[PDB]
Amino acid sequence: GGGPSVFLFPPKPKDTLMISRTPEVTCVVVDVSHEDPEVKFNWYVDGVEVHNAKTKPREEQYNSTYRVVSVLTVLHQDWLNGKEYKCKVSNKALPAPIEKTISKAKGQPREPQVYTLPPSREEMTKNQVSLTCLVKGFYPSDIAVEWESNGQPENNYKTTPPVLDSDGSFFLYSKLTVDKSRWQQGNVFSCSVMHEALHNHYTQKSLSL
């Protein structure tokens, strides 16, 4: 059972689109042995080696193996402009070093269309009702959705993963659950969407009775 495995993960969509946030690429090594626990990371950006990565302490798994993680902070504009990030992993158990590369999805971006849908007439028999946000026609699939009311974040919502539509674009739905009385009182709710093809990477649509 010798030989660790490497996986490379992209930044979160919101982290790359908001300047106040910090996007990072994550290199994860699994099946590291107790006999061969030392792992070395070399990072490259468009083939040029960089040295600002931070390596996390090793963690033991239920199957008695180690898990080792290295995190590289990236510039927003570098990720968005399509630079490639490469992680090279060395461990004694490996016959040769393992290399992985990732970058942003390629292709011409398309701006999301955002629609809000009120609760069904059928649902008003319940104590709580569902507010719906439909987001469609966007590319690539990297996107974030949030809800607000009265200048405060709403927390009781869930968003589906992006789904490939027939025309090659993506869509999703987000569902916010609220007390019926808040809806009937005429409070205004807002669906916030973040995507690279939007002006200022941001748009908001409101929903009220």
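Residue numbers here begin at 1 and follow the sequence given.
When 141-149 is weighed against 37-45, 37-45 comes out higher, by mean CA B-factor as recorded in the entry. The stretch with the higher mean CA B factor, choosing between 173-181 and 63-71, is 63-71. In the deposited coordinates, the residue among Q77, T116, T125, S120 with the greatest CA B-factor is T125. For the set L94, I102, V129, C133, the PDB entry assigns the largest Cα B-factor to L94. Among all modelled residues in its chain, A53 ranks in the middle third by Cα B-factor.
For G168, the recorded CA B-factor ranks within the highest third of the chain. Only modelled residues enter the ranking. In this PDB entry, the Cα temperature factor of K12 sits in the middle third of its chain's modelled residues. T203: CA B factor lies in the lowest third for its chain, per the PDB record. The PDB entry assigns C27 a C-alpha temperature factor belonging to the lowest third of its chain's modelled residues.
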